Amino acid sequence: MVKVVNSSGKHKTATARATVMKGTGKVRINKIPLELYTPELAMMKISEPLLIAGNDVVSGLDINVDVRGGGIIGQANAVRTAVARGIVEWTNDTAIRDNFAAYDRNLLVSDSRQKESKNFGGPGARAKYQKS
Amino acid sequence: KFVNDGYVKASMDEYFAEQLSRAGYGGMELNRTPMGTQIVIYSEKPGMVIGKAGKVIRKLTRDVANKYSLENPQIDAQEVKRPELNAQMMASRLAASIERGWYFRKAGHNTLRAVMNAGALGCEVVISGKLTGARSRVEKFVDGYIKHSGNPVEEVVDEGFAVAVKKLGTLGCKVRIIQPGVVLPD
Amino acid sequence: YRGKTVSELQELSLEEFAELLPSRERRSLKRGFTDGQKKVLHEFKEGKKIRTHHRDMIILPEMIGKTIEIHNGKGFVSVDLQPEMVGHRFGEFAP
Amino acid sequence: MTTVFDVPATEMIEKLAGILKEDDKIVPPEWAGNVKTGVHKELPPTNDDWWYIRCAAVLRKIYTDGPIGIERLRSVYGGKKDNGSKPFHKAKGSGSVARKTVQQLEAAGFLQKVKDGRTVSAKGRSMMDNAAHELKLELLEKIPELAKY
Amino acid sequence: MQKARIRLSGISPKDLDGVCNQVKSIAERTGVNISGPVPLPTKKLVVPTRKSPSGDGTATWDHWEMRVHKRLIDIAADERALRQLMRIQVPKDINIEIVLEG
Amino acid sequence: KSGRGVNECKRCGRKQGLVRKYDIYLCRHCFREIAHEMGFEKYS
RNA sequence: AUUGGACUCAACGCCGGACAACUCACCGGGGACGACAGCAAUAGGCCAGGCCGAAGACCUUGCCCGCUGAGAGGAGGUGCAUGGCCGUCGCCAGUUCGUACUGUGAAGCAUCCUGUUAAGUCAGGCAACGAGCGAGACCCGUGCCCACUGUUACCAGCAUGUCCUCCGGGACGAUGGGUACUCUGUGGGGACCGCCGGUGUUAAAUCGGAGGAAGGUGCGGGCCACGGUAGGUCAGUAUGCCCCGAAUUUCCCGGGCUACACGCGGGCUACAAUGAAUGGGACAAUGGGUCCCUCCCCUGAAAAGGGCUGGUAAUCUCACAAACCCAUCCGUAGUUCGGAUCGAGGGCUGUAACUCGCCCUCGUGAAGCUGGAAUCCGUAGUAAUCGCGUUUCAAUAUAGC
Ligand SMILES: [Zn+2]
């Protein structure tokens with residue numbers, strides 16, 4: 001009926017409560033219409049697996065999103081992974097899973113983690129001060 | 001809360017070492033009943049702890065209450081469970097043996113031999129301080145298992161440290177003690 | 001010559017002259033005074049020879065004219081008082 | 001629904017600014033021409049309709065962000081404060097500007113007094129939904145598959 | 001509905017979980033409506049210090065990270081049940097907190 | 001307890017470089033020595 | 001007086017040392033300060049005033065230790081007497097002991113050659129055999145799965161409180177409710193070069209294949225030996241001796257460490273359409289706060305003032321993140337791109353703001369225009385960058401973390 005998963009690999013912080021269902025076709029992506037989707041500059045990065053699914057699929061589908069936080073680009077790819085998982089959770093084919101894994105995974109965990117715990121001796125995690 | 005409890009458990013019987021070290025101080029364990037804050041002393045020779053008609057026991061009351069907010073200031077006087085396993089009074093005994101006329105060459109050797117005969121995985125008494133001449137030296141004794149990096153130096157192994165106020169200078173001891181427990185059967 | 005002509009400045013009120021002075025002096029005088037500057041004010045209103053010893057004090061309206069002496073690390077120094085320096089700090093003249 | 005979120009924020013906020021300009025109860029009070037937008041920026045605003053647009057933006061912020069206190073509004077309305085050779089703190093907005101705008105909003109009845117700020121009143125929500133229907137009327141022909149199909 | 005809340009936040013969580021299981025078994029013996037053991041966030045109190053005592057010496061800082069393990073549990077209220085909960089042998093490593101909300 | 005360096009740390013009579021953080025009131029050397037005895041540990 | 005320690009690595013944002021009183025350790029000026037002993041002759045207190053910065057400090061007055069020694073003590077000395085601590089050789093793999101054995105002997109062999117490894121890590125062959133400390137193992141960091149898991153976290157349907165009417169609901173998770181799926185923090189599994197295709201030898205060891213969260217130190221960290229470097233540590237701590245024992249003890253006042261012809265080290269800002277106004281969206285965690293951050297209300301332009309609310313803290317607040325991006329507005333040049341000094345002014349912090357503070361507002365908008373020799377940091381969410389808490393707590397962080 002309704003799919004609720006926020007696991008996306010968690011790019012830094014994600015907070016993407018998935019909500020995908022089936023209705024008349026009216027799709028409201030996180031209290032925002034898809035025609036006038038408010039982020040706009042980041043929706044190009046977010047509309048990749050939905051574009052791969054097809055207009056007929058997501059027109060058939062119906063999706064909502066509940067969110068808490070996360071950085072803007074971490075949101076822009078973690079929410080895309082969450083939408084891909086919600087796409088595959090609904091009764092579908094494995095061809096969409098093949099296409100989703102084909103371009104750049106977007107079902108996996110972000111292998112590059114949050115940060116690296118910078119040590120005393122320099123400004124950054126690996127960088128250090130200037131030695132004359 | 002926990003910080004004040006750790007501070008009291010590290011300080012209350014450790015400032016008692018300024019006067020209780022003559023009686024055979026060996027540290028203490030905190031037994032904090034909600035009714036009262038019990039404090040224990042492990043006296044090697046608690047006859048001096050008994051006091052000259054209470055002269056020794058009744059010196060541990062004013063400080064406990066005037067600035068720490070404690071109820072029923074009391075310290076029962078007991079002894080440590082094992083003599084050689086406690087390293088603190090072993091270091092005190094080695095420093096006293098140096099100061100008293102015992103063989104300072106052989107005092108550390110006898111102390112190490114006694115500690116390793118008492119059922120230890122390993123021990124090492126190392127004496128940094130000018131024993132004979134005007135220059136510092138070292139008198140390390142190596143025997144038994146003493147691991148230096150990892151969990152055992154954190155909690156499994158312990159330390160016995162004392163002082164020695166000689167006319168040339170002040171030194172001490174660093175008797176490492178490890179309780180006889182298997183680490184890894186690898 | 002602060003707020004008015006120089007003649008009536010000595011007879012001005014404490015808070016009116018403070019409002020003539022900036023915010024720093026006004027708040028310095030606003031939150032009371034310690035014992036030393038009260039003693040200095042009392043002796044100035046008596047008229048004896050005065051060694052102030054305070055390098056931060058504020059010159060008063062009727063306190064002008066008479067000479068003030070200030071401790072300068074080395075012992076003391078005598079300095080004149082003028083209409084230009086009223087409301088200033090005592091340590092501004094003997095570094 | 002004719003919610004505000006079915007339209008871009010720019011057109012809706014400009015519509016609300018125009019409707020507040022039509023209303024005489026919102027005015028630039030006296031010191032609009034000698035005080036900046038707060039404390040962060042360098043100079044006062046150059047746009048002609050800065051006060052009405054600021055009130056409309058504060059209305060939209062109260063609607064989309066719930067009841068907001070005046071200091072929350074000041075924190076939202078900060079900026080990259082120039083210090084010269086100092087590490088560029090972001091301080092606050094302005095208390096009097098935000099408070100006068102909010103008082104104009106409540107006198108207009110759109111903002112509703114609450115303990116943790118002033119949540120937007122229900123009448124303002126209904127009128128802004130109707131204005132959203134107006135602006136959505138400008139793009140009703142985008143998706144015909146929305147009425148009951 | 002009435003609940004008696006339990007708040008604990010300490011240094012050793014093993015005896016904390018043991019006391020939680022002891023209270024759970026007391027509730028199952030007494031049939032008290034219970035909320036399960038809820039892992040709260042652990043206070044990771046940290047304060048570092050430079051290792052080097054003297055003047056010369058490069059970057060040497062021993063960081064003192066400490067975890068304060070929090071746990072919030074809710075159970076019902078009852079006089080014999082509360083006396084049973086108050087007579088439990090809880091270790092010194094945790095602090096026991098109660099809120100009798102009725 | 002309000003001053004620049006008037007308050008001293010425990011044990012070490014000292015008026016500078018004292019850890020008043022966490023209500024500890026210890027010098028950095030003294031607190032470094034006794035943190036392992038007072039329950040503190042360098043877990044990381 | 002502009003106090004000392006420290007001088008390549010490994011001194012020069014270090015001594016948590018961002019010194020307004022303390023910090024204080026340099027000094028101006030006082031004043032108190034010798035346990036015991038010898039010896040001169042128990043002193044102070046107490047009206048007021050003289051002077052005294054002032055201090056019944058001591059005096060005219062009201063009026064119930066002089067000193068040495070030995071002491072504490074001494075931020076004086078010697079880090080070249082030390083204890084213990086740390087930099088560093090240095091993550092460096094080294095250091096080694098027993099037995100026998102070669103050697104007149106110091107010493108040798110093990111501790112060697114071949115590969116291998118992050119490593120004396122390991123295998124193979126040896127006059128070598130075994131063993132310890134370091135190493136690794138070990139403890140941590142976080143990511144895939146589950147056992148229970150909800151508050152103050154959570155809405156994810158169940159249902160309500162107001163509008164859209166095109167109709168599911170949009171907003172509400174406060175709640176009833178549901179912990180359906182999740183974040184969850186206590187116990188557990190995972191990924192061992194394990195299998196397969198190359199190499200090395202058929203060993204120790206080595207590449208893509210795995211639909212798999214990490215294939216072959218998953219990824220980053222603490223602990224880091226035998227010793228020296230007479231390295232720093234008498235200035236965190238205790239301490240030997242020389243010394244100071246009425247000053248190097250000891251308590252405030254003022255100055256000073258900020259003073260500056262000046263050499264040098266590290267940091268903060270800067271010259272584009274990659275930039276000044278106006279909006280838009282929710283965004284991050286670490287970690288604070290109850291004697292302190294601040295809820296909302298009122299007042300001003302600001303800093304901020306009053307009142308009043310939340311917090312012993314998954315409640316609550318500092319708390320907006322900026323950088324950002326866009327209808328856009330915005331303009332062509334070394335100037336709205338670019339801001340050091342100084343003059344009036346209002347602030348809170350403190351017992352005190354001239355030396356010596358920071359906040360705020362205005363007017364002067366300058367120097368300057370990607371910087372040679374030389375160097376410097378750095379291999380993945382790392383450099384870089386943009387801002388963020390915290391520590392030096394009264395402010396002030398261009399700083400460390
Ligand atoms: Zn100390």
# chains A, B, ... in the order shown; residues from 1 in each chain; ligands from 1
call {"tool": "closest_atom_pairs", "arguments": {"of": "chain F", "to": "ligand 1", "cutoff": "6 Å", "atoms": "only C-alpha atoms and all ligand atoms", "output": "CSV"}}
result
residue,atom,partner,partner_atom_place_in_ligand_line,distance
F:9,CA,ligand 1,1 (Zn),5.4
F:10,CA,ligand 1,1 (Zn),5.3
F:11,CA,ligand 1,1 (Zn),4.9
F:12,CA,ligand 1,1 (Zn),3.7
F:26,CA,ligand 1,1 (Zn),4.8
F:27,CA,ligand 1,1 (Zn),4.2
F:30,CA,ligand 1,1 (Zn),4.0
call {"tool": "write_last_selection", "arguments": {"atoms": "N, CA, C and O atoms", "output": "CSV table (one decimal), in the first residue's frame"}}
result
chain,number,residue,atom,x,y,z
F,9,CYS,N,43.2,25.9,41.4
F,9,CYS,CA,42.8,24.5,41.2
F,9,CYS,C,43.1,23.7,42.5
F,9,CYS,O,43.8,24.1,43.4
F,10,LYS,N,42.5,22.5,42.5
F,10,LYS,CA,42.7,21.6,43.6
F,10,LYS,C,44.1,21.1,43.6
F,10,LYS,O,44.8,21.0,42.5
F,11,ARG,N,44.7,20.8,44.8
F,11,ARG,CA,46.0,20.4,45.0
F,11,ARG,C,47.0,21.4,44.6
F,11,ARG,O,47.6,22.1,45.5
F,12,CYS,N,47.2,21.7,43.3
F,12,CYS,CA,48.2,22.6,42.8
F,12,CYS,C,47.8,24.0,43.1
F,12,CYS,O,46.9,24.5,42.5
F,26,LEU,N,40.8,22.0,38.3
F,26,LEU,CA,42.1,21.3,38.3
F,26,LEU,C,43.0,22.0,37.3
F,26,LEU,O,42.5,22.4,36.2
F,27,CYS,N,44.3,22.0,37.6
F,27,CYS,CA,45.2,22.4,36.5
F,27,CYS,C,45.3,21.4,35.5
F,27,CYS,O,44.9,20.2,35.7
F,30,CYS,N,47.7,18.5,36.5
F,30,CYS,CA,47.1,17.8,37.6
F,30,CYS,C,45.9,17.0,37.1
F,30,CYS,O,45.7,15.8,37.4
call {"tool": "interface_residues", "arguments": {"of": "chain D", "to": "chain A", "cutoff": "7 Å", "atoms": "only C-alpha atoms", "output": "PyMOL selection string"}}
result
chain D and resi 5-8+146+149
call {"tool": "closest_residue", "arguments": {"among": "G:260, G:241, G:401, G:171", "to": "chain E", "atoms": "only C-alpha atoms (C1' of nucleotides)"}}
result
G:401
call {"tool": "select_by_dssp", "arguments": {"residues": "region 49-177 of chain B", "states": "strand (DSSP E or B)", "output": "PyMOL selection string"}}
result
chain B and resi 75-78+122-124+128+138+143-144+157-160+163-165+170-172+175-177
call {"tool": "closest_atom_pairs", "arguments": {"of": "chain A", "to": "chain E", "cutoff": "10 Å", "atoms": "only C-alpha atoms", "output": "Markdown table"}}
result
| residue | atom | partner | partner_atom | distance |
| --- | --- | --- | --- | --- |
| A:119 | CA | E:61 | CA | 9.4 |
| A:120 | CA | E:59 | CA | 6.3 |
| A:121 | CA | E:59 | CA | 5.5 |
| A:122 | CA | E:59 | CA | 9.1 |
call {"tool": "write_last_selection", "arguments": {"atoms": "N, CA and C atoms", "output": "PDB file, in the first residue's frame"}}
result
ATOM      1  N   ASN A 119      42.697  15.798  13.374  1.00  0.00           N
ATOM      2  CA  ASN A 119      43.551  15.641  14.540  1.00  0.00           C
ATOM      3  C   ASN A 119      44.252  16.967  14.824  1.00  0.00           C
ATOM      4  N   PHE A 120      44.613  17.165  16.092  1.00  0.00           N
ATOM      5  CA  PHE A 120      45.390  18.334  16.482  1.00  0.00           C
ATOM      6  C   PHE A 120      46.762  18.288  15.823  1.00  0.00           C
ATOM      7  N   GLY A 121      47.175  19.418  15.255  1.00  0.00           N
ATOM      8  CA  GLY A 121      48.406  19.487  14.498  1.00  0.00           C
ATOM      9  C   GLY A 121      48.217  20.205  13.180  1.00  0.00           C
ATOM     10  N   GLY A 122      46.966  20.514  12.850  1.00  0.00           N
ATOM     11  CA  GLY A 122      46.649  21.209  11.626  1.00  0.00           C
ATOM     12  C   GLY A 122      45.228  21.731  11.606  1.00  0.00           C
TER      13      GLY A 122
END
call {"tool": "residues_around", "arguments": {"residues": "residue 2 (chain F)", "least_positions_apart": "5", "cutoff": "9 Å", "atoms": "only C-alpha atoms (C1' of nucleotides)", "output": "MDAnalysis selection string"}}
result
(chainID F and resid 7) or (chainID G and resid 393:394)
call {"tool": "residues_around", "arguments": {"residues": "residue 44 (chain F)", "least_positions_apart": "2", "cutoff": "8 Å", "atoms": "only C-alpha atoms (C1' of nucleotides)", "output": "MDAnalysis selection string"}}
result
(chainID E and resid 63 65) or (chainID F and resid 42) or (chainID G and resid 140:141 221:222)
call {"tool": "closest_residue", "arguments": {"among": "G:314, G:180, G:366, G:373", "to": "residue 42 (chain E)", "atoms": "only C-alpha atoms (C1' of nucleotides)"}}
result
G:314
call {"tool": "closest_residue", "arguments": {"among": "D:88, D:63, D:77, D:51", "to": "residue 112 (chain D)", "atoms": "only C-alpha atoms"}}
result
D:63
call {"tool": "interface_residues", "arguments": {"of": "chain E", "to": "chain B", "cutoff": "10 Å", "atoms": "only C-alpha atoms", "output": "MDAnalysis selection string"}}
result
chainID E and resid 10:11 68 91:95
call {"tool": "residues_around", "arguments": {"residues": "region 29-34 of chain C", "least_positions_apart": "6", "cutoff": "12 Å", "atoms": "only C-alpha atoms (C1' of nucleotides)", "output": "PyMOL selection string"}}
result
(chain C and resi 14-19+21-23+40-41+54+56-60+87) or (chain G and resi 350-352)
call {"tool": "write_last_selection", "arguments": {"atoms": "C-alpha atoms (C1' of nucleotides)", "output": "PDB file, in the first residue's frame"}}
result
ATOM      1  CA  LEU C  14      26.378  66.431  38.209  1.00  0.00           C
ATOM      2  CA  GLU C  15      24.039  64.602  35.825  1.00  0.00           C
ATOM      3  CA  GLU C  16      23.754  67.571  33.448  1.00  0.00           C
ATOM      4  CA  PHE C  17      27.545  67.806  33.252  1.00  0.00           C
ATOM      5  CA  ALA C  18      27.636  64.014  32.852  1.00  0.00           C
ATOM      6  CA  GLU C  19      25.282  64.345  29.877  1.00  0.00           C
ATOM      7  CA  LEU C  21      30.311  64.121  28.938  1.00  0.00           C
ATOM      8  CA  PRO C  22      30.200  60.999  26.734  1.00  0.00           C
ATOM      9  CA  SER C  23      28.618  57.641  27.547  1.00  0.00           C
ATOM     10  CA  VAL C  40      39.087  63.015  46.503  1.00  0.00           C
ATOM     11  CA  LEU C  41      35.753  64.800  45.988  1.00  0.00           C
ATOM     12  CA  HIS C  54      43.826  57.772  40.611  1.00  0.00           C
ATOM     13  CA  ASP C  56      41.120  57.252  35.627  1.00  0.00           C
ATOM     14  CA  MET C  57      39.011  59.826  37.469  1.00  0.00           C
ATOM     15  CA  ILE C  58      36.747  62.401  35.833  1.00  0.00           C
ATOM     16  CA  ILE C  59      37.355  66.122  36.266  1.00  0.00           C
ATOM     17  CA  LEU C  60      34.401  67.802  37.983  1.00  0.00           C
ATOM     18  CA  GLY C  87      35.584  65.682  32.291  1.00  0.00           C
TER      19      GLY C  87
ATOM     20  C1'   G G 350      33.932  45.045  35.473  1.00  0.00           C
ATOM     21  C1'   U G 351      35.299  47.228  41.929  1.00  0.00           C
ATOM     22  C1'   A G 352      38.051  50.421  38.559  1.00  0.00           C
TER      23        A G 352
END
call {"tool": "select_by_dssp", "arguments": {"residues": "chain F", "states": "helix (DSSP H, G or I)", "output": "PyMOL selection string"}}
result
chain F and resi 21-23+28-34
call {"tool": "interface_residues", "arguments": {"of": "chain C", "to": "chain G", "cutoff": "6 Å", "atoms": "only C-alpha atoms (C1' of nucleotides)", "output": "list in words"}}
result
residues 53, 73, 74, 89, 91 and 92 of chain C
call {"tool": "write_last_selection", "arguments": {"atoms": "N, CA and C atoms", "output": "compact mmCIF listing (two decimals), in the first residue's frame"}}
result
# COMPACT_ATOMS: atom_id res chain seq x y z
N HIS C 53 46.05 60.22 43.21
CA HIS C 53 46.56 58.85 43.10
C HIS C 53 45.77 58.02 42.08
N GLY C 73 53.61 55.74 38.80
CA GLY C 73 54.61 54.70 38.93
C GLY C 73 55.74 55.18 39.81
N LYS C 74 56.60 56.04 39.26
CA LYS C 74 57.36 56.94 40.11
C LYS C 74 56.38 57.88 40.81
N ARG C 89 40.30 62.24 31.94
CA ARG C 89 40.84 61.26 32.87
C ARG C 89 42.15 61.78 33.45
N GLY C 91 44.90 60.20 34.36
CA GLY C 91 46.11 59.59 33.86
C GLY C 91 46.46 59.93 32.43
N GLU C 92 45.72 60.84 31.80
CA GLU C 92 45.97 61.23 30.42
C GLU C 92 47.12 62.20 30.27
call {"tool": "residues_around", "arguments": {"residues": "residue 153 (chain B)", "least_positions_apart": "4", "cutoff": "10 Å", "atoms": "only C-alpha atoms (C1' of nucleotides)", "output": "PDB file with N, CA and C atoms (P, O5', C5', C4', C3', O3' and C1' of nucleotides), in the first residue's frame"}}
result
ATOM      1  N   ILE B 146      54.713  -8.275  31.245  1.00  0.00           N
ATOM      2  CA  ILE B 146      54.270  -6.901  31.448  1.00  0.00           C
ATOM      3  C   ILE B 146      54.034  -6.261  30.088  1.00  0.00           C
ATOM      4  N   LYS B 147      52.782  -6.220  29.648  1.00  0.00           N
ATOM      5  CA  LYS B 147      52.450  -5.568  28.391  1.00  0.00           C
ATOM      6  C   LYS B 147      52.304  -4.068  28.616  1.00  0.00           C
ATOM      7  N   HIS B 148      52.725  -3.287  27.616  1.00  0.00           N
ATOM      8  CA  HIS B 148      52.838  -1.842  27.765  1.00  0.00           C
ATOM      9  C   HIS B 148      51.802  -1.035  26.995  1.00  0.00           C
ATOM     10  N   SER B 149      51.214  -1.582  25.932  1.00  0.00           N
ATOM     11  CA  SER B 149      50.259  -0.843  25.115  1.00  0.00           C
ATOM     12  C   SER B 149      48.991  -1.661  24.931  1.00  0.00           C
ATOM     13  N   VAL B 157      46.566  -4.053  34.286  1.00  0.00           N
ATOM     14  CA  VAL B 157      47.776  -3.891  35.081  1.00  0.00           C
ATOM     15  C   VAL B 157      47.646  -2.608  35.885  1.00  0.00           C
ATOM     16  N   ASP B 158      48.357  -2.547  37.008  1.00  0.00           N
ATOM     17  CA  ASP B 158      48.317  -1.353  37.839  1.00  0.00           C
ATOM     18  C   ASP B 158      49.725  -0.871  38.165  1.00  0.00           C
ATOM     19  N   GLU B 159      49.830   0.109  39.061  1.00  0.00           N
ATOM     20  CA  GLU B 159      51.094   0.757  39.370  1.00  0.00           C
ATOM     21  C   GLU B 159      51.221   0.945  40.875  1.00  0.00           C
ATOM     22  N   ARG B 176      55.433  -2.207  38.519  1.00  0.00           N
ATOM     23  CA  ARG B 176      54.263  -2.608  37.748  1.00  0.00           C
ATOM     24  C   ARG B 176      53.787  -3.985  38.184  1.00  0.00           C
ATOM     25  N   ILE B 177      52.475  -4.119  38.356  1.00  0.00           N
ATOM     26  CA  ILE B 177      51.851  -5.361  38.787  1.00  0.00           C
ATOM     27  C   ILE B 177      50.714  -5.675  37.830  1.00  0.00           C
ATOM     28  N   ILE B 178      50.650  -6.922  37.376  1.00  0.00           N
ATOM     29  CA  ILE B 178      49.549  -7.407  36.558  1.00  0.00           C
ATOM     30  C   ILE B 178      48.909  -8.582  37.282  1.00  0.00           C
TER      31      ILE B 178
ATOM     32  P     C G 223      48.947   8.305  22.274  1.00  0.00           P
ATOM     33  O5'   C G 223      49.002   6.897  23.019  1.00  0.00           O
ATOM     34  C5'   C G 223      48.579   6.755  24.369  1.00  0.00           C
ATOM     35  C4'   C G 223      48.471   5.303  24.762  1.00  0.00           C
ATOM     36  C3'   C G 223      49.761   4.497  24.696  1.00  0.00           C
ATOM     37  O3'   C G 223      50.564   4.642  25.853  1.00  0.00           O
ATOM     38  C1'   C G 223      48.047   3.316  23.592  1.00  0.00           C
TER      39        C G 223
END
